[PDB]
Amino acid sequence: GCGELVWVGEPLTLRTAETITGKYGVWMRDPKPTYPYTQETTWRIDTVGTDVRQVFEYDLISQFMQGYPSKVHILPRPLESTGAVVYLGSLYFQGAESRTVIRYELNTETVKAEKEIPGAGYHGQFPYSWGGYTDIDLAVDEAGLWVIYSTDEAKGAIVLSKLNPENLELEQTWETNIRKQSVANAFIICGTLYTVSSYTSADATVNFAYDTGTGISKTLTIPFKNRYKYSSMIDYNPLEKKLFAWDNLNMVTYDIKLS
């Protein structure tokens, strides 16, 4: 049931990192679980530092919330920032100190594709407002896989592109009028891009929207609470119909409502 975001719920804390290594990170479930994973399988990456390669994998939600991983993957090259996503059994992440997106098949621990995002800024050119090298932000919605970034030609404004999940080819790109470094993070619900206004305020908002299906740029004032005052990662999961976020060592989730 597609529609426009009209409400976000309170953040619920599901797991809390115990070390500075997890002050920021990314955690995710696959909207299209493929064998041997299911809808419960959760991945977790603590992303503080310059040699991030451990992907924590949990078979059951109970294990994500309590206990050790079922499995740890060692990525063949360090991962950059908090923007990665899992889709169709592959982890999609950005090579550190590069503009390359890498497709890592989880069940075989094999790199299946690599692709430079043409013209994309990286490593502090067009981060989100908190920095953290967040130049390139992958996304999964109801129609598939996207990447959110900017370029010199776009002059810091958010660009978004549909991505072929098999070979990482860019299927179509849109250009917004939202300065990327002026928002705390971004996500896509039903082909519409949403931005969050601040990463520190307990009274932030979802403040912009750009509908790729009609080209309309829009302004909103939907309350969004950063319960722990440092949201480093905010994504949308079209299967659970919920936002997944990482807020100052805390892995939280947000209920939503669409019109």
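Don't overthink the numbering: it's just position in the shown sequence, from 1.
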Determine, for stretches 61-69 and 212-220, which one has the higher mean CA B-factor as deposited. 212-220
Select between 28-36 and 228-236 the stretch whose C-alpha atoms have the higher average B-factor in the entry. 28-36
When you compare the CA B-factors of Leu91, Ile188, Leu138, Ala154 as listed in the entry, which one comes out on top? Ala154
Could you place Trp174 in the lowest, middle or highest third of its chain by Cα temperature factor, using the values in the record? highest
Split the chain's modelled residues into thirds by Cα B-factor; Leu145 lands in the middle
Could you look up the Cα B-factor of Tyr133 in the entry and say which third of the chain it sits in: lowest, middle or highest? lowest
Comparing against every modelled residue in the chain, figure out the third that the C-alpha B-factor of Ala204 lands in (lowest, middle or highest). middle
Chain-relative C-alpha B factor for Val6 (record values, thirds): the middle
